[PDB]
């Protein structure tokens, strides 16, 4: 079938985190990594950190003015988690991500 392969595998979940090199971010990072790595699943997530001090231009693009902060780009809809509540929002947002349910009402 496909490239002779029977399926285009889903693209790993694109997850990122904006930090200011502050321990808290590295702190929350562990929490983020720990939680994400806690859901494993057949679809692993890719955690990439963005140094706001290195590129504050994209931060403003996402109106992202608070740090630390986390932002999911996909697959699926985009979301912005910030306010040291990333772990609270993430844990709550994660399920919604996997539940990628017709976010419909």
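Read-outs: derived from the displayed coordinates by stated rules, not from any lab. Positions of Cβ are backbone-derived with ideal geometry, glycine not excepted, and every protein chain shown enters the neighbour counts.
Average 1/r across all pairs of distinct alpha carbons in the chain, invert it, and you get the Kirkwood radius: 14.7 Å. Each residue, residue 98 and residue 54, gets one label point 7 Å from its Cα in the Cβ direction; the gap between the two is 3.0 nm.
Taking a point 7 Å out from the Cα of residue 41 in the direction of its Cβ, the residues of region 56-75 whose backbone N falls within less than 14 Å of it are 72-75.
Defining a contact as two alpha carbons under 8 Å apart and six or more residues distant in sequence, what relative contact order in percent does region 12-100 show? Don't skip to the answer; put the middle values down first.
On the way: 115 pairs, mean separation 33.2, N = 89.
37 percent.
This ranking places 2, 77 by how few other beta-carbon atoms lie within 10 Å of each, fewest first, which gives 2, 77.
Taking the C-alpha atoms only, the angle from helix 23-39 to the longest principal axis of the chain is near 20 degrees. Each residue, residue 105 and residue 31, gets one label point 7 Å from its Cα in the Cβ direction; the gap between the two is 3.1 nm. If you take the Cα centroid of region 8-28 and the Cα centroid of region 29-61, the two points sit 1 Å apart. Secondary structure note: in region 12-100, about 55% of the DSSP beta bridges are antiparallel.
Order of 94-105, 18-29 by packing, highest average Cβ count within 10 Å first?
On the way: 94-105: 10.4, 18-29: 15.8.
Most protected by this proxy first, the peptides run 18-29, 94-105.
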